[PDB]
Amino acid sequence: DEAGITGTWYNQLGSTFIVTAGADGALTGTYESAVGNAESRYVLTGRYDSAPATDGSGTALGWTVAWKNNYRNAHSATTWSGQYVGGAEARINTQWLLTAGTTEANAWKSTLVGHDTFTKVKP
């Protein structure tokens, strides 16, 4: 699914996920968030299962963005964990965790959780 994953994806919020899937299982690219303390593109990196099951299962993957670029630093990082589902209407279905750097006293409220669905076509 190197070819299937590589490309430009869009989530339900209007964020843009630009990714290349390497033959070795690497994910590289850029993320631009339509929401939050974010401007322009941020580096991402991750991994995917480069030899998925041949039984109709999805392809497991995940990636991270730290929310620092040349424009802004939100002192936070999001990880997306999910699976790629191929076909006519290909999708990456994810859940995510966004951790902010906090003091120890505020660490209980450090992490947001959500879910993003990416498609090859904008909404």
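Just count from 1 along the sequence shown to find any residue number.
For the two regions 109 to 117 and 21 to 29, the entry's Cα B-factors average higher over 21 to 29. When the C-alpha B-factors of 8 to 16 and 95 to 103 are averaged, 8 to 16 comes out higher. Highest C-alpha temperature factor among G58, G46, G82, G36 per the entry: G36.
Out of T64, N73, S40, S50, it is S40 whose C-alpha atom has the highest B-factor in the PDB entry.
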